file model27.pdb (PDB, N, CA and C atoms)
ATOM      1  N   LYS A   4      32.508 -10.652  -4.077
ATOM      2  CA  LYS A   4      33.418 -11.796  -4.003
ATOM      3  C   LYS A   4      32.661 -13.121  -4.049
ATOM      4  N   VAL A   5      33.363 -14.176  -4.439
ATOM      5  CA  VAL A   5      32.793 -15.515  -4.379
ATOM      6  C   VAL A   5      33.255 -16.193  -3.096
ATOM      7  N   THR A   6      32.305 -16.495  -2.220
ATOM      8  CA  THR A   6      32.641 -17.109  -0.944
ATOM      9  C   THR A   6      32.293 -18.588  -0.984
ATOM     10  N   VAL A   7      33.247 -19.433  -0.605
ATOM     11  CA  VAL A   7      33.020 -20.867  -0.610
ATOM     12  C   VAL A   7      33.183 -21.387   0.804
ATOM     13  N   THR A   8      32.109 -21.946   1.347
ATOM     14  CA  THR A   8      32.124 -22.404   2.729
ATOM     15  C   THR A   8      31.765 -23.881   2.831
ATOM     16  N   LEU A   9      32.477 -24.593   3.701
ATOM     17  CA  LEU A   9      32.106 -25.960   4.043
ATOM     18  C   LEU A   9      31.127 -25.894   5.216
ATOM     19  N   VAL A  10      29.835 -26.014   4.918
ATOM     20  CA  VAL A  10      28.778 -25.806   5.907
ATOM     21  C   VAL A  10      28.329 -27.136   6.524
ATOM     22  N   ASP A  11      28.051 -27.126   7.830
ATOM     23  CA  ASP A  11      27.482 -28.284   8.518
ATOM     24  C   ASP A  11      26.171 -28.720   7.837
ATOM     25  N   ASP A  12      26.114 -29.983   7.413
ATOM     26  CA  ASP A  12      24.954 -30.522   6.692
ATOM     27  C   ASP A  12      23.739 -30.786   7.585
ATOM     28  N   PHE A  13      23.976 -30.987   8.877
ATOM     29  CA  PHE A  13      22.912 -31.392   9.790
ATOM     30  C   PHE A  13      22.063 -30.226  10.274
ATOM     31  N   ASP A  14      22.706 -29.169  10.759
ATOM     32  CA  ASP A  14      21.937 -28.028  11.243
ATOM     33  C   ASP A  14      22.194 -26.738  10.482
ATOM     34  N   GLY A  15      23.176 -26.762   9.589
ATOM     35  CA  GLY A  15      23.502 -25.605   8.771
ATOM     36  C   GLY A  15      23.838 -24.346   9.548
ATOM     37  N   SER A  16      24.217 -24.491  10.817
ATOM     38  CA  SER A  16      24.329 -23.323  11.695
ATOM     39  C   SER A  16      25.697 -22.657  11.615
ATOM     40  N   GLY A  17      26.666 -23.384  11.073
ATOM     41  CA  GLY A  17      28.020 -22.883  10.954
ATOM     42  C   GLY A  17      28.835 -23.828  10.109
ATOM     43  N   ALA A  18      30.150 -23.633  10.105
ATOM     44  CA  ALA A  18      31.033 -24.430   9.266
ATOM     45  C   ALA A  18      31.239 -25.827   9.837
ATOM     46  N   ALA A  19      31.590 -26.761   8.957
ATOM     47  CA  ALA A  19      31.905 -28.122   9.365
ATOM     48  C   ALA A  19      33.351 -28.214   9.844
ATOM     49  N   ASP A  20      33.636 -29.192  10.699
ATOM     50  CA  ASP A  20      35.004 -29.457  11.139
ATOM     51  C   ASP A  20      35.551 -30.751  10.544
ATOM     52  N   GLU A  21      34.659 -31.651  10.158
ATOM     53  CA  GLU A  21      35.082 -32.895   9.538
ATOM     54  C   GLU A  21      34.019 -33.475   8.623
ATOM     55  N   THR A  22      34.449 -34.416   7.791
ATOM     56  CA  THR A  22      33.540 -35.158   6.937
ATOM     57  C   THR A  22      33.502 -36.584   7.473
ATOM     58  N   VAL A  23      32.307 -37.051   7.811
ATOM     59  CA  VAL A  23      32.147 -38.361   8.414
ATOM     60  C   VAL A  23      31.559 -39.302   7.385
ATOM     61  N   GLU A  24      32.150 -40.486   7.271
ATOM     62  CA  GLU A  24      31.579 -41.519   6.425
ATOM     63  C   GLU A  24      30.729 -42.477   7.254
ATOM     64  N   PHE A  25      29.604 -42.896   6.688
ATOM     65  CA  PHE A  25      28.771 -43.899   7.343
ATOM     66  C   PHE A  25      27.988 -44.680   6.291
ATOM     67  N   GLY A  26      27.170 -45.632   6.724
ATOM     68  CA  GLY A  26      26.495 -46.480   5.766
ATOM     69  C   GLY A  26      25.195 -47.056   6.275
ATOM     70  N   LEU A  27      24.307 -47.392   5.343
ATOM     71  CA  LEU A  27      23.067 -48.077   5.677
ATOM     72  C   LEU A  27      22.560 -48.833   4.455
ATOM     73  N   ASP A  28      22.252 -50.114   4.656
ATOM     74  CA  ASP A  28      21.648 -50.965   3.624
ATOM     75  C   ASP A  28      22.478 -51.061   2.350
ATOM     76  N   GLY A  29      23.796 -51.010   2.508
ATOM     77  CA  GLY A  29      24.710 -51.198   1.398
ATOM     78  C   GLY A  29      25.047 -49.912   0.668
ATOM     79  N   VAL A  30      24.489 -48.800   1.136
ATOM     80  CA  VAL A  30      24.782 -47.491   0.562
ATOM     81  C   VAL A  30      25.754 -46.761   1.472
ATOM     82  N   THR A  31      26.784 -46.169   0.885
ATOM     83  CA  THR A  31      27.758 -45.410   1.653
ATOM     84  C   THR A  31      27.471 -43.915   1.524
ATOM     85  N   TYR A  32      27.463 -43.228   2.663
ATOM     86  CA  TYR A  32      27.191 -41.799   2.717
ATOM     87  C   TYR A  32      28.383 -41.023   3.281
ATOM     88  N   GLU A  33      28.473 -39.748   2.919
ATOM     89  CA  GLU A  33      29.353 -38.822   3.610
ATOM     90  C   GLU A  33      28.526 -37.644   4.093
ATOM     91  N   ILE A  34      28.998 -36.996   5.152
ATOM     92  CA  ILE A  34      28.304 -35.837   5.693
ATOM     93  C   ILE A  34      29.320 -34.897   6.345
ATOM     94  N   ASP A  35      29.187 -33.607   6.069
ATOM     95  CA  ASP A  35      30.110 -32.623   6.627
ATOM     96  C   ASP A  35      29.504 -32.083   7.918
ATOM     97  N   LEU A  36      30.213 -32.236   9.034
ATOM     98  CA  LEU A  36      29.639 -31.887  10.329
ATOM     99  C   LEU A  36      30.598 -31.102  11.216
ATOM    100  N   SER A  37      30.033 -30.276  12.094
ATOM    101  CA  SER A  37      30.794 -29.714  13.206
ATOM    102  C   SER A  37      31.273 -30.857  14.087
ATOM    103  N   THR A  38      32.295 -30.592  14.891
ATOM    104  CA  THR A  38      32.788 -31.585  15.834
ATOM    105  C   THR A  38      31.658 -32.065  16.731
ATOM    106  N   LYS A  39      30.820 -31.132  17.168
ATOM    107  CA  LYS A  39      29.673 -31.457  18.022
ATOM    108  C   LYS A  39      28.712 -32.449  17.367
ATOM    109  N   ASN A  40      28.335 -32.183  16.120
ATOM    110  CA  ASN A  40      27.386 -33.053  15.426
ATOM    111  C   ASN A  40      27.983 -34.392  14.993
ATOM    112  N   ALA A  41      29.276 -34.398  14.670
ATOM    113  CA  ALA A  41      29.967 -35.648  14.373
ATOM    114  C   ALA A  41      29.941 -36.523  15.623
ATOM    115  N   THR A  42      30.109 -35.881  16.772
ATOM    116  CA  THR A  42      30.061 -36.578  18.054
ATOM    117  C   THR A  42      28.666 -37.143  18.340
ATOM    118  N   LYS A  43      27.628 -36.389  17.975
ATOM    119  CA  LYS A  43      26.246 -36.852  18.128
ATOM    120  C   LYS A  43      25.964 -38.069  17.249
ATOM    121  N   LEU A  44      26.412 -38.011  15.996
ATOM    122  CA  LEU A  44      26.224 -39.125  15.066
ATOM    123  C   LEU A  44      26.913 -40.383  15.586
ATOM    124  N   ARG A  45      28.154 -40.233  16.034
ATOM    125  CA  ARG A  45      28.897 -41.367  16.584
ATOM    126  C   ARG A  45      28.207 -41.933  17.825
ATOM    127  N   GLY A  46      27.660 -41.049  18.653
ATOM    128  CA  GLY A  46      26.911 -41.460  19.826
ATOM    129  C   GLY A  46      25.635 -42.210  19.485
ATOM    130  N   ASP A  47      24.922 -41.757  18.454
ATOM    131  CA  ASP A  47      23.694 -42.426  18.024
ATOM    132  C   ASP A  47      23.968 -43.850  17.553
ATOM    133  N   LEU A  48      25.148 -44.077  16.984
ATOM    134  CA  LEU A  48      25.471 -45.385  16.422
ATOM    135  C   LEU A  48      26.234 -46.299  17.379
ATOM    136  N   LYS A  49      26.656 -45.763  18.522
ATOM    137  CA  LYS A  49      27.562 -46.478  19.430
ATOM    138  C   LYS A  49      27.076 -47.869  19.868
ATOM    139  N   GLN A  50      25.846 -47.947  20.364
ATOM    140  CA  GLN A  50      25.325 -49.223  20.858
ATOM    141  C   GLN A  50      25.040 -50.199  19.709
ATOM    142  N   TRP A  51      24.683 -49.666  18.539
ATOM    143  CA  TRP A  51      24.466 -50.504  17.362
ATOM    144  C   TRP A  51      25.773 -51.145  16.885
ATOM    145  N   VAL A  52      26.836 -50.346  16.812
ATOM    146  CA  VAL A  52      28.153 -50.862  16.442
ATOM    147  C   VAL A  52      28.614 -51.922  17.446
ATOM    148  N   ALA A  53      28.395 -51.653  18.728
ATOM    149  CA  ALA A  53      28.789 -52.588  19.778
ATOM    150  C   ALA A  53      28.055 -53.927  19.658
ATOM    151  N   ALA A  54      26.823 -53.905  19.153
ATOM    152  CA  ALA A  54      26.038 -55.133  19.021
ATOM    153  C   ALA A  54      26.269 -55.860  17.692
ATOM    154  N   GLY A  55      26.765 -55.137  16.694
ATOM    155  CA  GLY A  55      26.953 -55.693  15.358
ATOM    156  C   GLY A  55      28.259 -56.448  15.182
ATOM    157  N   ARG A  56      28.467 -56.977  13.978
ATOM    158  CA  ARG A  56      29.699 -57.690  13.632
ATOM    159  C   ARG A  56      30.354 -57.047  12.419
ATOM    160  N   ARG A  57      31.685 -56.953  12.442
ATOM    161  CA  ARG A  57      32.444 -56.389  11.327
ATOM    162  C   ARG A  57      32.331 -57.272  10.090
ATOM    163  N   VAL A  58      32.100 -56.647   8.941
ATOM    164  CA  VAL A  58      32.100 -57.363   7.668
ATOM    165  C   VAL A  58      32.868 -56.550   6.631
ATOM    166  N   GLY A  59      33.220 -57.179   5.511
ATOM    167  CA  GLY A  59      33.889 -56.458   4.442
ATOM    168  C   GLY A  59      32.942 -55.502   3.733
TER     169      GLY A  59
ATOM    170  N   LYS B   4      18.122 -81.837  23.143
ATOM    171  CA  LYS B   4      18.055 -81.553  21.712
ATOM    172  C   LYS B   4      18.954 -80.374  21.376
ATOM    173  N   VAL B   5      19.450 -80.353  20.144
ATOM    174  CA  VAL B   5      20.179 -79.198  19.639
ATOM    175  C   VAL B   5      19.166 -78.166  19.152
ATOM    176  N   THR B   6      19.096 -77.044  19.865
ATOM    177  CA  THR B   6      18.124 -76.002  19.578
ATOM    178  C   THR B   6      18.805 -74.825  18.897
ATOM    179  N   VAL B   7      18.245 -74.402  17.769
ATOM    180  CA  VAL B   7      18.829 -73.319  16.991
ATOM    181  C   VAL B   7      17.877 -72.140  16.987
ATOM    182  N   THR B   8      18.389 -70.970  17.341
ATOM    183  CA  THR B   8      17.559 -69.769  17.353
ATOM    184  C   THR B   8      18.310 -68.607  16.709
ATOM    185  N   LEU B   9      17.592 -67.783  15.948
ATOM    186  CA  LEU B   9      18.173 -66.565  15.395
ATOM    187  C   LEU B   9      17.797 -65.422  16.332
ATOM    188  N   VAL B  10      18.787 -64.984  17.100
ATOM    189  CA  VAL B  10      18.602 -64.070  18.218
ATOM    190  C   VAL B  10      18.937 -62.640  17.809
ATOM    191  N   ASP B  11      18.102 -61.694  18.238
ATOM    192  CA  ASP B  11      18.327 -60.279  17.988
ATOM    193  C   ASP B  11      19.628 -59.858  18.696
ATOM    194  N   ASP B  12      20.558 -59.271  17.943
ATOM    195  CA  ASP B  12      21.879 -58.907  18.466
ATOM    196  C   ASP B  12      21.827 -57.712  19.419
ATOM    197  N   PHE B  13      20.841 -56.842  19.225
ATOM    198  CA  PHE B  13      20.742 -55.607  19.990
ATOM    199  C   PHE B  13      20.102 -55.804  21.365
ATOM    200  N   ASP B  14      19.017 -56.577  21.431
ATOM    201  CA  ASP B  14      18.336 -56.777  22.717
ATOM    202  C   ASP B  14      18.439 -58.196  23.274
ATOM    203  N   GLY B  15      18.992 -59.118  22.489
ATOM    204  CA  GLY B  15      19.201 -60.484  22.941
ATOM    205  C   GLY B  15      17.943 -61.223  23.357
ATOM    206  N   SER B  16      16.782 -60.661  23.036
ATOM    207  CA  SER B  16      15.532 -61.110  23.642
ATOM    208  C   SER B  16      14.513 -61.551  22.601
ATOM    209  N   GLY B  17      14.360 -60.766  21.538
ATOM    210  CA  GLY B  17      13.411 -61.114  20.494
ATOM    211  C   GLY B  17      14.016 -62.014  19.439
ATOM    212  N   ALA B  18      13.169 -62.639  18.627
ATOM    213  CA  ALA B  18      13.659 -63.379  17.473
ATOM    214  C   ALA B  18      14.050 -62.375  16.388
ATOM    215  N   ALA B  19      15.186 -62.604  15.742
ATOM    216  CA  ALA B  19      15.602 -61.705  14.675
ATOM    217  C   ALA B  19      14.798 -62.003  13.410
ATOM    218  N   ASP B  20      14.472 -60.949  12.667
ATOM    219  CA  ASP B  20      13.690 -61.064  11.435
ATOM    220  C   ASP B  20      14.507 -60.769  10.188
ATOM    221  N   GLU B  21      15.574 -59.993  10.342
ATOM    222  CA  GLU B  21      16.373 -59.578   9.196
ATOM    223  C   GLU B  21      17.778 -59.200   9.625
ATOM    224  N   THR B  22      18.680 -59.122   8.655
ATOM    225  CA  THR B  22      20.036 -58.635   8.901
ATOM    226  C   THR B  22      20.143 -57.254   8.271
ATOM    227  N   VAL B  23      20.564 -56.273   9.058
ATOM    228  CA  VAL B  23      20.772 -54.927   8.546
ATOM    229  C   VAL B  23      22.258 -54.672   8.358
ATOM    230  N   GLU B  24      22.640 -54.186   7.180
ATOM    231  CA  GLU B  24      24.005 -53.729   6.989
ATOM    232  C   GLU B  24      24.068 -52.231   7.242
ATOM    233  N   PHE B  25      25.117 -51.799   7.925
ATOM    234  CA  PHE B  25      25.339 -50.376   8.128
ATOM    235  C   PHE B  25      26.833 -50.114   8.299
ATOM    236  N   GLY B  26      27.206 -48.848   8.413
ATOM    237  CA  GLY B  26      28.607 -48.502   8.525
ATOM    238  C   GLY B  26      28.843 -47.237   9.320
ATOM    239  N   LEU B  27      30.034 -47.126   9.898
ATOM    240  CA  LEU B  27      30.471 -45.881  10.523
ATOM    241  C   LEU B  27      31.991 -45.745  10.450
ATOM    242  N   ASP B  28      32.446 -44.570  10.017
ATOM    243  CA  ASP B  28      33.870 -44.221  10.020
ATOM    244  C   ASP B  28      34.733 -45.214   9.259
ATOM    245  N   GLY B  29      34.205 -45.741   8.157
ATOM    246  CA  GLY B  29      34.988 -46.576   7.264
ATOM    247  C   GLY B  29      34.871 -48.066   7.524
ATOM    248  N   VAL B  30      34.197 -48.429   8.608
ATOM    249  CA  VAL B  30      33.977 -49.831   8.933
ATOM    250  C   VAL B  30      32.525 -50.190   8.641
ATOM    251  N   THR B  31      32.306 -51.367   8.054
ATOM    252  CA  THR B  31      30.961 -51.842   7.711
ATOM    253  C   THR B  31      30.566 -52.973   8.654
ATOM    254  N   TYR B  32      29.290 -53.001   9.046
ATOM    255  CA  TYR B  32      28.764 -53.972  10.007
ATOM    256  C   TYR B  32      27.492 -54.659   9.513
ATOM    257  N   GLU B  33      27.260 -55.867  10.012
ATOM    258  CA  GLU B  33      25.957 -56.511   9.925
ATOM    259  C   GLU B  33      25.405 -56.715  11.333
ATOM    260  N   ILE B  34      24.077 -56.737  11.438
ATOM    261  CA  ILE B  34      23.425 -56.955  12.720
ATOM    262  C   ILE B  34      22.081 -57.645  12.476
ATOM    263  N   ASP B  35      21.802 -58.698  13.247
ATOM    264  CA  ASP B  35      20.538 -59.414  13.110
ATOM    265  C   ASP B  35      19.551 -58.810  14.080
ATOM    266  N   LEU B  36      18.400 -58.393  13.562
ATOM    267  CA  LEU B  36      17.455 -57.629  14.359
ATOM    268  C   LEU B  36      16.034 -58.090  14.130
ATOM    269  N   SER B  37      15.208 -57.965  15.174
ATOM    270  CA  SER B  37      13.768 -58.033  14.998
ATOM    271  C   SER B  37      13.364 -56.909  14.041
ATOM    272  N   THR B  38      12.212 -57.065  13.403
ATOM    273  CA  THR B  38      11.668 -56.019  12.534
ATOM    274  C   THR B  38      11.582 -54.674  13.262
ATOM    275  N   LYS B  39      11.170 -54.720  14.522
ATOM    276  CA  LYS B  39      11.053 -53.517  15.334
ATOM    277  C   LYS B  39      12.396 -52.832  15.569
ATOM    278  N   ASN B  40      13.424 -53.609  15.907
ATOM    279  CA  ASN B  40      14.747 -53.019  16.134
ATOM    280  C   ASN B  40      15.425 -52.584  14.840
ATOM    281  N   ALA B  41      15.137 -53.279  13.739
ATOM    282  CA  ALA B  41      15.638 -52.847  12.437
ATOM    283  C   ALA B  41      15.056 -51.472  12.109
ATOM    284  N   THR B  42      13.779 -51.284  12.423
ATOM    285  CA  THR B  42      13.130 -50.000  12.192
ATOM    286  C   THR B  42      13.721 -48.929  13.108
ATOM    287  N   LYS B  43      14.057 -49.321  14.335
ATOM    288  CA  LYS B  43      14.684 -48.403  15.277
ATOM    289  C   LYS B  43      16.052 -47.928  14.757
ATOM    290  N   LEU B  44      16.859 -48.860  14.249
ATOM    291  CA  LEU B  44      18.180 -48.524  13.711
ATOM    292  C   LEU B  44      18.040 -47.591  12.516
ATOM    293  N   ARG B  45      17.176 -47.955  11.579
ATOM    294  CA  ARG B  45      16.960 -47.110  10.407
ATOM    295  C   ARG B  45      16.415 -45.742  10.804
ATOM    296  N   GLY B  46      15.578 -45.711  11.836
ATOM    297  CA  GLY B  46      15.075 -44.456  12.364
ATOM    298  C   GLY B  46      16.166 -43.596  12.977
ATOM    299  N   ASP B  47      17.104 -44.222  13.687
ATOM    300  CA  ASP B  47      18.216 -43.495  14.311
ATOM    301  C   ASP B  47      19.097 -42.837  13.257
ATOM    302  N   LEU B  48      19.178 -43.473  12.093
ATOM    303  CA  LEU B  48      20.027 -42.995  11.007
ATOM    304  C   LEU B  48      19.304 -42.052  10.050
ATOM    305  N   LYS B  49      17.979 -41.982  10.169
ATOM    306  CA  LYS B  49      17.147 -41.228   9.230
ATOM    307  C   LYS B  49      17.595 -39.780   9.017
ATOM    308  N   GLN B  50      17.827 -39.057  10.115
ATOM    309  CA  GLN B  50      18.186 -37.634  10.036
ATOM    310  C   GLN B  50      19.553 -37.431   9.376
ATOM    311  N   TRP B  51      20.457 -38.374   9.615
ATOM    312  CA  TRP B  51      21.811 -38.305   9.079
ATOM    313  C   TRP B  51      21.843 -38.660   7.594
ATOM    314  N   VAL B  52      21.098 -39.696   7.216
ATOM    315  CA  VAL B  52      20.949 -40.066   5.817
ATOM    316  C   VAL B  52      20.363 -38.903   5.013
ATOM    317  N   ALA B  53      19.327 -38.262   5.555
ATOM    318  CA  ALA B  53      18.657 -37.162   4.854
ATOM    319  C   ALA B  53      19.593 -35.970   4.640
ATOM    320  N   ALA B  54      20.500 -35.762   5.588
ATOM    321  CA  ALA B  54      21.401 -34.608   5.554
ATOM    322  C   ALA B  54      22.669 -34.881   4.754
ATOM    323  N   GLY B  55      23.023 -36.154   4.616
ATOM    324  CA  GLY B  55      24.261 -36.526   3.956
ATOM    325  C   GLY B  55      24.101 -36.707   2.463
ATOM    326  N   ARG B  56      25.160 -37.184   1.824
ATOM    327  CA  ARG B  56      25.135 -37.430   0.391
ATOM    328  C   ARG B  56      25.716 -38.803   0.081
ATOM    329  N   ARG B  57      25.193 -39.442  -0.959
ATOM    330  CA  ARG B  57      25.718 -40.737  -1.379
ATOM    331  C   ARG B  57      27.137 -40.596  -1.894
ATOM    332  N   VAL B  58      27.998 -41.515  -1.460
ATOM    333  CA  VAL B  58      29.370 -41.616  -1.946
ATOM    334  C   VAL B  58      30.147 -40.304  -1.883
TER     335      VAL B  58
END

call {"tool": "encode", "arguments": {"input": "model27.pdb", "output": "structure tokens"}}
result
Amino acid sequence: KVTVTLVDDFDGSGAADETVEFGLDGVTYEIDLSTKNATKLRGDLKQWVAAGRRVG
Amino acid sequence: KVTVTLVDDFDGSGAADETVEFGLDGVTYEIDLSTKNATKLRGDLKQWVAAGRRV
């Protein structure tokens, strides 16, 4: 059979639960992550977002 | 005197050297940072950038 899986991009340990969008230096990225890893990414960026300013 | 300073947004303590653009969950941000803190931010994102895909 042909099996198609949405795999977690960060640790590859299991399936992803969501696709998270983020950005750096004018480049936009997407990443498929478990709920746990999406939570880690959001946590890593939390204080930076709090210190930054919204722009278009 | 009117004193003007470009202040690091993250630590409020150092002089800012550059503005970094970044984004999370569909919102885009700018932040003025010392060279050291800009490197810290880019470092925090390094593992995620490497694992993710453009657009």

call {"tool": "resolve_selection", "arguments": {"input": "model27.pdb", "expression": "the ChimeraX specification (/A :<7) & /B", "output": "PDB file with N, CA and C atoms, keeping the file's coordinate frame"}}
result
ATOM      1  N   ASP B  12      20.558 -59.271  17.943  1.00  0.00           N
ATOM      2  CA  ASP B  12      21.879 -58.907  18.466  1.00  0.00           C
ATOM      3  C   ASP B  12      21.827 -57.712  19.419  1.00  0.00           C
ATOM      4  N   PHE B  13      20.841 -56.842  19.225  1.00  0.00           N
ATOM      5  CA  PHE B  13      20.742 -55.607  19.990  1.00  0.00           C
ATOM      6  C   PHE B  13      20.102 -55.804  21.365  1.00  0.00           C
ATOM      7  N   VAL B  23      20.564 -56.273   9.058  1.00  0.00           N
ATOM      8  CA  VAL B  23      20.772 -54.927   8.546  1.00  0.00           C
ATOM      9  C   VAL B  23      22.258 -54.672   8.358  1.00  0.00           C
ATOM     10  N   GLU B  24      22.640 -54.186   7.180  1.00  0.00           N
ATOM     11  CA  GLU B  24      24.005 -53.729   6.989  1.00  0.00           C
ATOM     12  C   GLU B  24      24.068 -52.231   7.242  1.00  0.00           C
ATOM     13  N   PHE B  25      25.117 -51.799   7.925  1.00  0.00           N
ATOM     14  CA  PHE B  25      25.339 -50.376   8.128  1.00  0.00           C
ATOM     15  C   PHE B  25      26.833 -50.114   8.299  1.00  0.00           C
ATOM     16  N   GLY B  26      27.206 -48.848   8.413  1.00  0.00           N
ATOM     17  CA  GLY B  26      28.607 -48.502   8.525  1.00  0.00           C
ATOM     18  C   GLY B  26      28.843 -47.237   9.320  1.00  0.00           C
ATOM     19  N   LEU B  27      30.034 -47.126   9.898  1.00  0.00           N
ATOM     20  CA  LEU B  27      30.471 -45.881  10.523  1.00  0.00           C
ATOM     21  C   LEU B  27      31.991 -45.745  10.450  1.00  0.00           C
ATOM     22  N   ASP B  28      32.446 -44.570  10.017  1.00  0.00           N
ATOM     23  CA  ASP B  28      33.870 -44.221  10.020  1.00  0.00           C
ATOM     24  C   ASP B  28      34.733 -45.214   9.259  1.00  0.00           C
ATOM     25  N   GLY B  29      34.205 -45.741   8.157  1.00  0.00           N
ATOM     26  CA  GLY B  29      34.988 -46.576   7.264  1.00  0.00           C
ATOM     27  C   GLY B  29      34.871 -48.066   7.524  1.00  0.00           C
ATOM     28  N   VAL B  30      34.197 -48.429   8.608  1.00  0.00           N
ATOM     29  CA  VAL B  30      33.977 -49.831   8.933  1.00  0.00           C
ATOM     30  C   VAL B  30      32.525 -50.190   8.641  1.00  0.00           C
ATOM     31  N   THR B  31      32.306 -51.367   8.054  1.00  0.00           N
ATOM     32  CA  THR B  31      30.961 -51.842   7.711  1.00  0.00           C
ATOM     33  C   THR B  31      30.566 -52.973   8.654  1.00  0.00           C
ATOM     34  N   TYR B  32      29.290 -53.001   9.046  1.00  0.00           N
ATOM     35  CA  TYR B  32      28.764 -53.972  10.007  1.00  0.00           C
ATOM     36  C   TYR B  32      27.492 -54.659   9.513  1.00  0.00           C
ATOM     37  N   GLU B  33      27.260 -55.867  10.012  1.00  0.00           N
ATOM     38  CA  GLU B  33      25.957 -56.511   9.925  1.00  0.00           C
ATOM     39  C   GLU B  33      25.405 -56.715  11.333  1.00  0.00           C
ATOM     40  N   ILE B  34      24.077 -56.737  11.438  1.00  0.00           N
ATOM     41  CA  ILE B  34      23.425 -56.955  12.720  1.00  0.00           C
ATOM     42  C   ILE B  34      22.081 -57.645  12.476  1.00  0.00           C
ATOM     43  N   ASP B  35      21.802 -58.698  13.247  1.00  0.00           N
ATOM     44  CA  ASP B  35      20.538 -59.414  13.110  1.00  0.00           C
ATOM     45  C   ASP B  35      19.551 -58.810  14.080  1.00  0.00           C
ATOM     46  N   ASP B  47      17.104 -44.222  13.687  1.00  0.00           N
ATOM     47  CA  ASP B  47      18.216 -43.495  14.311  1.00  0.00           C
ATOM     48  C   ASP B  47      19.097 -42.837  13.257  1.00  0.00           C
ATOM     49  N   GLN B  50      17.827 -39.057  10.115  1.00  0.00           N
ATOM     50  CA  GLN B  50      18.186 -37.634  10.036  1.00  0.00           C
ATOM     51  C   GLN B  50      19.553 -37.431   9.376  1.00  0.00           C
ATOM     52  N   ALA B  54      20.500 -35.762   5.588  1.00  0.00           N
ATOM     53  CA  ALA B  54      21.401 -34.608   5.554  1.00  0.00           C
ATOM     54  C   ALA B  54      22.669 -34.881   4.754  1.00  0.00           C
ATOM     55  N   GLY B  55      23.023 -36.154   4.616  1.00  0.00           N
ATOM     56  CA  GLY B  55      24.261 -36.526   3.956  1.00  0.00           C
ATOM     57  C   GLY B  55      24.101 -36.707   2.463  1.00  0.00           C
ATOM     58  N   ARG B  56      25.160 -37.184   1.824  1.00  0.00           N
ATOM     59  CA  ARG B  56      25.135 -37.430   0.391  1.00  0.00           C
ATOM     60  C   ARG B  56      25.716 -38.803   0.081  1.00  0.00           C
ATOM     61  N   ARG B  57      25.193 -39.442  -0.959  1.00  0.00           N
ATOM     62  CA  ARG B  57      25.718 -40.737  -1.379  1.00  0.00           C
ATOM     63  C   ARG B  57      27.137 -40.596  -1.894  1.00  0.00           C
ATOM     64  N   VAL B  58      27.998 -41.515  -1.460  1.00  0.00           N
ATOM     65  CA  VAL B  58      29.370 -41.616  -1.946  1.00  0.00           C
ATOM     66  C   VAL B  58      30.147 -40.304  -1.883  1.00  0.00           C
TER      67      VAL B  58
END

call {"tool": "select_by_dssp", "arguments": {"input": "model27.pdb", "residues": "chain A", "states": "strand (DSSP E or B)", "output": "ChimeraX atom specification"}}
result
/A:10,18,21-27,30-36,56-58

call {"tool": "atom_distance", "arguments": {"input": "model27.pdb", "atom1": "CA of residue 39 in chain B", "atom2": "atom C of residue 16 in chain B"}}
result
11.4 Å

call {"tool": "atom_distance", "arguments": {"input": "model27.pdb", "atom1": "CA of residue 37 in chain A", "atom2": "CA of residue 10 in chain A"}}
result
8.5 Å

call {"tool": "select_by_dssp", "arguments": {"input": "model27.pdb", "residues": "chain A", "states": "alpha helix (DSSP H)", "output": "list in words"}}
result
residues 38, 39, 40, 41, 42, 43, 44, 45, 46, 47, 48, 49, 50, 51, 52, 53 and 54 of chain A

call {"tool": "resolve_selection", "arguments": {"input": "model27.pdb", "expression": "the PyMOL selection byres ((chain B and resi 36) around 5)", "output": "PyMOL selection string"}}
result
chain B and resi 11-12+19-22+34-35+37-38+41

call {"tool": "write_last_selection", "arguments": {"input": "model27.pdb", "atoms": "N, CA and C atoms", "output": "CSV table (one decimal), in the frame of the given file"}}
result
chain,number,residue,atom,x,y,z
B,11,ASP,N,18.1,-61.7,18.2
B,11,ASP,CA,18.3,-60.3,18.0
B,11,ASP,C,19.6,-59.9,18.7
B,12,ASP,N,20.6,-59.3,17.9
B,12,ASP,CA,21.9,-58.9,18.5
B,12,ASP,C,21.8,-57.7,19.4
B,19,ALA,N,15.2,-62.6,15.7
B,19,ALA,CA,15.6,-61.7,14.7
B,19,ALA,C,14.8,-62.0,13.4
B,20,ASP,N,14.5,-60.9,12.7
B,20,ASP,CA,13.7,-61.1,11.4
B,20,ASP,C,14.5,-60.8,10.2
B,21,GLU,N,15.6,-60.0,10.3
B,21,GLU,CA,16.4,-59.6,9.2
B,21,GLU,C,17.8,-59.2,9.6
B,22,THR,N,18.7,-59.1,8.7
B,22,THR,CA,20.0,-58.6,8.9
B,22,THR,C,20.1,-57.3,8.3
B,34,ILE,N,24.1,-56.7,11.4
B,34,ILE,CA,23.4,-57.0,12.7
B,34,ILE,C,22.1,-57.6,12.5
B,35,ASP,N,21.8,-58.7,13.2
B,35,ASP,CA,20.5,-59.4,13.1
B,35,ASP,C,19.6,-58.8,14.1
B,37,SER,N,15.2,-58.0,15.2
B,37,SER,CA,13.8,-58.0,15.0
B,37,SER,C,13.4,-56.9,14.0
B,38,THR,N,12.2,-57.1,13.4
B,38,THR,CA,11.7,-56.0,12.5
B,38,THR,C,11.6,-54.7,13.3
B,41,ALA,N,15.1,-53.3,13.7
B,41,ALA,CA,15.6,-52.8,12.4
B,41,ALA,C,15.1,-51.5,12.1

call {"tool": "atom_distance", "arguments": {"input": "model27.pdb", "atom1": "atom C of residue 43 in chain B", "atom2": "atom N of residue 14 in chain B"}}
result
11.3 Å
